[PDB]
Visitor: 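Just dropping this structure here.
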Amino acid sequence: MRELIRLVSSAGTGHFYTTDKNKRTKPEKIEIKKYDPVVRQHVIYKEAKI
Amino acid sequence: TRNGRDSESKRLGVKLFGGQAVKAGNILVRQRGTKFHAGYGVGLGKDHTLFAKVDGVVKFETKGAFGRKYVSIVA
Amino acid sequence: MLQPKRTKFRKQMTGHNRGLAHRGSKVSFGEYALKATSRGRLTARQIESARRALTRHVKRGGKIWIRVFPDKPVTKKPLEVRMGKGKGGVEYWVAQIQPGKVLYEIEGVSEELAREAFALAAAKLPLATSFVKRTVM
Amino acid sequence: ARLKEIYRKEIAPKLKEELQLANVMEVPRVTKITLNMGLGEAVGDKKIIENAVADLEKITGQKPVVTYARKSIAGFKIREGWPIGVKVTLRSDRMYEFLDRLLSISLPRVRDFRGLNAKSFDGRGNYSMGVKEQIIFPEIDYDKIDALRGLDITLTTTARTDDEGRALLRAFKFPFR
Amino acid sequence: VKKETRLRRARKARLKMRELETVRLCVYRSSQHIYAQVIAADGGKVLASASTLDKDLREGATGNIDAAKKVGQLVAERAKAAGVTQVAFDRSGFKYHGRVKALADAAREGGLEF
RNA sequence: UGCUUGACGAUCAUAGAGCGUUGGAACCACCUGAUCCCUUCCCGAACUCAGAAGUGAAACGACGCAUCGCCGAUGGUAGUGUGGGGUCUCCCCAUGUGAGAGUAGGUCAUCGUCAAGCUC
RNA sequence: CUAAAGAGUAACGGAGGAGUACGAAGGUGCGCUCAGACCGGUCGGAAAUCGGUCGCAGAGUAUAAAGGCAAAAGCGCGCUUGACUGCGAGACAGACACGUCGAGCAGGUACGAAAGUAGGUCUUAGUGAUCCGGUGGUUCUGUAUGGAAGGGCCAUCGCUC
Ligand SMILES: [Mg+2]
Ligand SMILES: [Mg+2]
Ligand SMILES: [Mg+2]
Ligand SMILES: [Mg+2]
Ligand SMILES: [Mg+2]
Ligand SMILES: [Mg+2]
Ligand SMILES: [Mg+2]
Ligand SMILES: [Mg+2]
Ligand SMILES: [Mg+2]
Ligand SMILES: [Mg+2]
Ligand SMILES: [Mg+2]
């Protein structure tokens, strides 16, 4: 199945996005730019276990 | 093996007919595909909902090289 | 026994029989025909019985067309079975007949012989029939 | 090229007054030769696929592109998207240089040269021929050959009817029957 | 033919200039010339035009990048006079490169906002 | 004054297709070459660039022709709202409405803006 | 489909599917057009790859059907994260609870030369209220006071309930 993951902001904020992910086909961690409303800037988010 | 299932009715179809006054944002057609196409002043939703972008009166028209039925908003 | 030999759907709604048969009411192909004057159903068993009665009488010479095909499946509930619990299962096949439909056609035989063979076939059929000769327009 | 100017200065004036054509550019002309190799046995091993690039490139001087199956067939052990062939297209003076090398240098060195089929025409002026084996082309090295493989040649011409195709092909001194 | 594959390559942008009611700077490119029309939003009326068929451009080179610069600068002068400032550049299926880009770049420096 | 060519539209087959004839002054296309910009999962095929030796062959445009396609009445027929009736699985009458198919026939479009050339 | 050309509409009526998938199969810019047939061509054959003509969507669209699809909504490639945060005029749908569409504004982006496009996927299934507990934030509260605990608020996790 597609297990849930947590995209955690690289900034000092505790903001996080949540999404799913196929953890067998692509086991590498997700690194993606998303908007952080706390610092109001587009910032790289890193996957963390929910 | 047997039957007895069905899905809920989707309440699709034309909501505002030709010559009806429309405000911006009014939903004009609910459809599965594009049975009607968006003419002037008419937007297209994710689910191919035809909605009003301007105020006016609905005009239905068939035109073009493909025989598409168009929904337009005229003054 | 005539049957569609495959279908998209096993079971059909009963429907109705309301036309006047503006198509299939002309004698194509042959020169004499049995034309239905009343309305009803023709099962495959009836069509075959009329075919055999008609063909046995025009022995040794003739060409015969069957212009009725039983493509409508008819279901039946078995005995000792209550209402409900499903439709029921196909038992036989019928052709819907409106007044005017041409059922059988023959050629290569005399008109007197054709009338004799059509009377034999029409006694197997549950409809009012009539004898018609091919017409110009 | 070595043959391009021959066609441009002597073959073309020969054909226009031979086919009875009222226009200069109506003369049949070879547009391209493309070299295909149907790469079988690739259902289990891929070592041959870049071997095919090695021999096909050397006899043409152009890097081939590996083709892929347009469908998935049960009869063969292939599915949509596997590499099952290579191909090269020639249109420039490289097109003419290969033509003379194949015609005069390569074609004579074959096992049994009974000529070339003259009826091998699609019906629209394009000539297609197939080479049974390899090593006919001098460019390769017999010792440095992994396996012995064939390939086919397609003379795509602008000829309307195949009789014009053979007329232009014979103008190249093509060995026919 | 390759003209059919070009017109259908230009359909999307042209259909997008309509439904936006924007004035279109249409461009035509030939082996011998290069053209530029300023067409109204409806598409049925031309507001300004400039080509290498003009008296000052017929003589000399016409099918190179240099002639594109003169035509693009010229259509900018006529468009401003006609009362047009905000346009959308239609490349008409031609790749935005070389002559077509040179014509548009001249109109950018000529006082046409696009 | 009108015509021809090109670009963009209106309209979307009565407009299309097929067949045949014709146009190179200009326009356009084919065309020449590829160093330069740029391009090919290979290839100047396409895209792109610099040109004008060659040609209207291909394409395109124009003109003609009902072979196909498309359009298509009048009349009738089917269905049908309302009221009524019968022999009532289905029909009929009064009144309103009225196809589809088919038939006679029609069609080788019509219009607008701009630019260049020519004509008058 | 029944369903009676707006919507809706029952039966232990007639038929099929779902309890997912995808960081690309999303966004954008650029470019392309299938299936099938016939002819020619080494192995190669009905059918593999190649060339030509016809073909004009009879293919494809992750998946069932239906409705769509040329600005293709189908296919390829480069760059990417708009599968953004706050919202939201106005509607559709509707007993309620839920649900659907969404122009536009602000913040911050991606692609494009630019006009622009992008708030997921051609659309319509892929789902489960409250309570309780857990985790990350928080300018709120803090049983004398300062803290803390605990509580609230925002985000999110745990039901083939
Ligand atoms: Mg060229
Ligand atoms: Mg010609
Ligand atoms: Mg008709
Ligand atoms: Mg009629
Ligand atoms: Mg309804
Ligand atoms: Mg109704
Ligand atoms: Mg073959
Ligand atoms: Mg075959
Ligand atoms: Mg898709
Ligand atoms: Mg305290
Ligand atoms: Mg707390």
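Below, chain A is the first sequence line, B the second, and so on; all start at residue 1.
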Visitor: Across all strands shown, which nucleotide pairs with F:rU97 by Watson-Crick or G-U wobble geometry, both distances under 3.5 Å?
Guide: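 Its partner is F:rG79.
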Visitor: Touch check for D:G130, heavy atoms < 4.0 angstrom, all strands: base, sugar-phosphate only, or nothing?
Guide: sugar-phosphate
Visitor: For D:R29, which contact category applies under a 4.0 Å heavy-atom criterion: base, sugar-phosphate, or nothing?
Guide: nothing
Visitor: Detail all sub-3.5 Å separations between protein N/O atoms and N/O atoms belonging to nucleotides 30-32 of chain G.
Guide:
| from | atom 1 | to | atom 2 | distance (Å) |
| --- | --- | --- | --- | --- |
| G:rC30 | OP1 | E:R91 | NH2 | 3.4 |
| G:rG31 | OP1 | E:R91 | NH1 | 3.0 |
| G:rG31 | OP1 | E:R91 | NH2 | 3.2 |
| G:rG31 | OP2 | E:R91 | NH2 | 2.7 |
| G:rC32 | OP1 | E:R9 | NH2 | 2.8 |
| G:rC32 | OP2 | E:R8 | NH1 | 3.2 |
| G:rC32 | OP2 | E:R9 | NE | 2.9 |

Visitor: For D:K119, report the nucleic acid contact type (base, sugar-phosphate, nothing); a contact means any heavy atom under 4.0 Å.
Guide: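 Answer is nothing: D:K119 stays at 4.0 Å or more from every strand.
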Visitor: Counting the atoms with a prime plus P, OP1 and OP2 as sugar-phosphate, which does E:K55 contact under 4.0 Å by heavy atoms, base, sugar-phosphate, or nothing?
Guide: sugar-phosphate
Visitor: What distance, rounded to whole Å, do you find between the two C1' atoms, one in F:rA13 and one in F:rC68?
Guide: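 Their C1' atoms lie roughly 13 Å apart.
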Visitor: Reading the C1'-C2'-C3'-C4' torsion of F:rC47, is its sugar north or south?
Guide: north
Visitor: Name the pairs: protein N/O against N/O of nucleotides 152-158 of chain G, kept only if under 3.5 Å.
Guide:
none

Visitor: Side chain of D:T154: major groove or minor groove, with 5.0 Å as the strict upper distance to the base atoms?
Guide: minor
Visitor: With nearest nucleotide decided by heavy atoms, which residue, E:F89 or D:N126, maps closer to the 5′ end of RNA chain G?
Guide: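 Taking each residue's closest nucleotide, the earlier one in sequence belongs to D:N126.
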Visitor: Does C:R41 reach a base, just sugar-phosphate, or nothing at all? Heavy atoms under 4.0 Å.
Guide: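 Nothing, no heavy atom under 4.0 Å.
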Visitor: Could you list all N or O pairs between the protein and nucleotides 11-16 of chain G that sit under 3.5 Å apart?
Guide:
| from | atom 1 | to | atom 2 | distance (Å) |
| --- | --- | --- | --- | --- |
| G:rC12 | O3' | C:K85 | N | 3.2 |
| G:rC12 | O2' | C:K85 | N | 3.0 |
| G:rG13 | OP2 | C:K85 | N | 3.3 |
| G:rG13 | OP2 | C:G86 | N | 3.0 |
| G:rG14 | OP1 | C:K87 | N | 2.9 |
| G:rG14 | OP2 | B:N3 | ND2 | 3.0 |
| G:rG14 | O5' | B:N3 | ND2 | 3.1 |
| G:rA15 | OP1 | C:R10 | NE | 3.1 |
| G:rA15 | OP1 | C:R10 | NH2 | 2.5 |
| G:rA15 | OP2 | B:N3 | ND2 | 2.9 |
| G:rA15 | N6 | B:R5 | O | 3.2 |
| G:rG16 | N7 | B:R5 | NH2 | 2.8 |
| G:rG16 | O6 | B:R5 | NE | 3.0 |

Visitor: Quote, to the nearest angstrom, the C1' distance that separates G:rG119 from G:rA65.
Guide: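 These two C1' atoms come out 30 Å apart once rounded.
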Visitor: Could you run through RNA chain G and flag its stems, i.e. three or more consecutive Watson-Crick or G-U pairs with both distances under 3.5 Å?
Guide: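 RNA chain G stems, ordered by first number: G:26-32 with G:74-80, G:36-40 with G:50-54, G:65-67 with G:122-124, G:84-87 with G:104-107, G:90-92 with G:99-101, G:109-111 with G:116-118, G:132-138 with G:152-158.
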Visitor: Wobble or Watson-Crick, both distances short of 3.5 angstrom: do F:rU82 and F:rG76 pair?
Guide: no
Visitor: Which of parallel (below 30°), tilted (30 to 60°) and perpendicular (above 60°) describes E:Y28 and E:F94?
Guide: tilted
Visitor: First and last nucleotide of RNA chain F touching chain C, 5' to 3', heavy-atom cut-off 4.0 Å?
Guide: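 Nucleotide range in contact with chain C: F:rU77 to F:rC91.
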Visitor: Are the six-membered base rings of G:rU130 and G:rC131 less than 5.5 Å apart at their centres, with planes tilted under 30 degrees?
Guide: yes
Visitor: Should G:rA62 and G:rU63 be reported as a stacked step, that is, with six-membered ring centres less than 5.5 angstrom apart and planes less than 30° apart?
Guide: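 Pair G:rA62, G:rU63 comes out stacked.
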Visitor: List for me each residue that meets ring-ring contact (aromatic ring centres under 6.0 Å, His included) alongside B:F60, sequence neighbours excluded, and say none if there are none.
Guide: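 Scan of B:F60 (ring-ring contact (aromatic ring centres under 6.0 Å, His included), adjacent residues dropped) gives B:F36.
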Visitor: P atom, G:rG126 versus G:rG99: distance in rounded Å?
Guide: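 Comparing P positions in G:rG126 and G:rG99 gives a spacing of 13 Å.
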Visitor: Can you tell me how far the CZ atom of E:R91 sits from the CZ atom of E:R9, to the nearest 0.5 Å?
Guide: 7.5 Å
Visitor: If you look at every strand shown and take non-hydrogen atoms under 4.0 Å, does C:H22 touch a base, only sugar-phosphate, or nothing?
Guide: sugar-phosphate
Visitor: Using Watson-Crick or G-U wobble geometry with both distances below 3.5 Å, tell me the partner of F:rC63, or none.
Guide: F:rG20
Visitor: Classify the nucleic acid contact of C:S38 as base, sugar-phosphate or nothing, counting any heavy atom under 4.0 Å across all strands shown.
Guide: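 Here C:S38 touches no strand at all.
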Visitor: For D:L151, which contact category applies under a 4.0 Å heavy-atom criterion: base, sugar-phosphate, or nothing?
Guide: base
Visitor: Looking across every strand, which nucleic acid part, if any, lies under 4.0 Å from B:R68 by heavy atom: base, sugar-phosphate, or nothing?
Guide: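 If one applies the 4.0 Å heavy-atom cut-off, B:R68 turns out to touch the sugar-phosphate alone, with no base involved.
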Visitor: Need one value for D:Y68: base, sugar-phosphate or nothing, where a base atom within 4.0 Å counts as base even if backbone is also close, heavy atoms only.
Guide: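 Base contact.
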Visitor: Considering Watson-Crick and G-U wobble pairs with both distances under 3.5 Å, what does F:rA109 pair with?
Guide: none
Visitor: Determine the sugar pucker of G:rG88: a positive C1'-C2'-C3'-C4' angle counts as north, a negative one as south.
Guide: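 North, since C1'-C2'-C3'-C4' is positive for G:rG88.
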Visitor: Contact class for E:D54 (heavy atom, under 4.0 Å): base, sugar-phosphate, or nothing?
Guide: nothing
Visitor: For a quick check, with a 4.0 angstrom heavy-atom cut-off, what is the B/S/- contact string for nucleotides 74-79 of chain G, read 5' to 3'?
Guide: ------
Visitor: With P as the reference atom in both, quote the distance from G:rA64 to G:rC69 in angstrom, rounded to an integer.
Guide: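 Between the two P atoms, the distance is 23 Å.
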Visitor: Taking N or O atoms only and anything under 3.5 Å, show me the protein contacts with nucleotides 63-66 of chain G, one pair per line.
Guide:
none

Visitor: Is B:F66 touching bases, backbone alone, or none of the nucleic acid, heavy atoms closer than 4.0 Å?
Guide: sugar-phosphate
Visitor: The criterion is side-chain hydrogen bond (donor to acceptor under 3.5 Å, both in side chains); which residues satisfy it with A:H15, sequence neighbours excluded?
Guide: A:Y45
Visitor: Atom pairs, N/O to N/O, protein against nucleotides 24-27 of chain G, distance under 3.5 Å?
Guide:
| from | atom 1 | to | atom 2 | distance (Å) |
| --- | --- | --- | --- | --- |
| G:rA24 | OP1 | A:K26 | NZ | 2.8 |
| G:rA24 | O5' | A:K26 | NZ | 2.9 |

Visitor: Given the P atoms of G:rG94 and G:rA129, what is the spacing between them in whole Å?
Guide: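 Nearest-Å result for G:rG94 against G:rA129 at atom P: 24 Å.
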Visitor: Tell which nucleotide pairs with F:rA46, taking only Watson-Crick or G-U wobble pairs whose two distances are both under 3.5 angstrom.
Guide: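 Pairing partner: none.
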Visitor: Looking at RNA chain G, which of residues 69-84 of chain D put a heavy atom within less than 4.0 Å of it?
Guide: D:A69, D:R70, D:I73, D:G75, D:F76, D:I78, D:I84
Visitor: Both distances below 3.5 Å, Watson-Crick or wobble geometry, any strand: find the nucleotide opposite F:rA25.
Guide: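 Looking at the geometry, F:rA25 pairs with no nucleotide.
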Visitor: Given that G:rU42 and G:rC43 are neighbours in the strand, would their base rings pass a stacking test of centres under 5.5 angstrom and planes under 30 degrees?
Guide: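 Stacking holds for this pair.
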Visitor: Would you classify E:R78 as touching base, sugar-phosphate or nothing, given that sugar-phosphate means primed atoms plus P, OP1 and OP2, and contacts are heavy atoms under 4.0 Å?
Guide: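 It contacts nothing in the nucleic acid.
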Visitor: Hey, does B:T49 reach any base, or is it just sugar-phosphate, or nothing, if we go heavy atoms under 4.0 Å?
Guide: sugar-phosphate
Visitor: Polar-atom pairs under 3.5 Å, protein N or O versus N or O of nucleotides 88-98 of chain G: list them with distances, or write none.
Guide:
| from | atom 1 | to | atom 2 | distance (Å) |
| --- | --- | --- | --- | --- |
| G:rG90 | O2' | B:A24 | O | 2.9 |
| G:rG90 | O2' | B:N26 | OD1 | 2.8 |
| G:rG90 | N2 | B:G25 | O | 2.9 |
| G:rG90 | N3 | B:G25 | O | 3.3 |
| G:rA91 | OP1 | B:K23 | NZ | 3.3 |
| G:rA91 | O2' | B:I27 | N | 2.7 |
| G:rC92 | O2' | B:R30 | NE | 3.4 |
| G:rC92 | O2 | B:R30 | NH2 | 3.1 |
| G:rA93 | OP1 | B:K15 | NZ | 3.3 |
| G:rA93 | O3' | B:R11 | NE | 3.4 |
| G:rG94 | OP1 | B:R11 | NE | 2.8 |
| G:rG94 | OP1 | B:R11 | NH2 | 3.4 |

Visitor: Under 5.5 Å centre to centre and under 30° between the ring planes, is that true for the bases of G:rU53 and G:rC54?
Guide: yes
Visitor: Does F:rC108 carry a north or a south sugar when the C1'-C2'-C3'-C4' torsion is used to decide?
Guide: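 South, since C1'-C2'-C3'-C4' is negative for F:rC108.
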